[PDB]
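Counting from 2, one number per residue, gives the positions in the sequence shown under this note's numbering. Read through the structure below, which is laid out as structure tokens, and then see the notes.
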Amino acid sequence: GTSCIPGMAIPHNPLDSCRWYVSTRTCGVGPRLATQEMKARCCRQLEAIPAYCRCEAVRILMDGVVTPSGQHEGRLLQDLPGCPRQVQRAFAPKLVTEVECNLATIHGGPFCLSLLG
């Protein structure tokens, strides 16, 4: 509804596909899939989500959240060999920028103001 909460407004474990893409584009660390195929999927998920939830969905990817059912989901941006989470955290909020997914948000444009990174 008017609430960006994991359930409907925001899927369960949002932008899961953005976890492996944020590590490759951020630190150069590649898992198994090619950056473009990774970036296509990732951005596909951020699009599905409505304008006003996008920035929140990204924050959840980085830092996390507790579902109203007491269960927690998020904070996928965890350290990796050669890819500290602070590098990932720094890039993540850019997933909505023009150079990147170029998607409007709560603020009204392809940029997140209230996101840590």
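Backbone N, C-alpha and C define an ideal beta-carbon position, used for all residues, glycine too.
Query, Result
"Can you tell me where the alpha helix (DSSP H) with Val59 in it begins and where it stops?", "52-63"
"Per DSSP, what kind of secondary structure is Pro94 in: helix, strand or coil?", "helix"
"Determine which residues share a DSSP beta bridge with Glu74 and list them.", "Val66"
"How long is the line joining the alpha carbons of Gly2 and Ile107, rounded to whole angstroms?", "14 Å"
"Between the beta-carbon of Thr25 and the beta-carbon of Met39, is there less than 8 Å?", "yes"
"Quick check: the Cα distance between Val100 and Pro111, rounded to an integer number of angstroms?", "9 Å"
"Please classify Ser18: is it buried, with 16 or more other beta-carbons within 10 angstroms of its beta-carbon, or exposed?", "buried"
"Using a Cβ-Cβ cut-off of 8 Å (strictly less than) and excluding sequence neighbours within five positions of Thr36, which residues of its own chain qualify?", "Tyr22, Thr25, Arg26"
"Rounded to whole angstroms, what's the CA-CA distance from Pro51 to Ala10? Just pull it up for me.", "8 Å"
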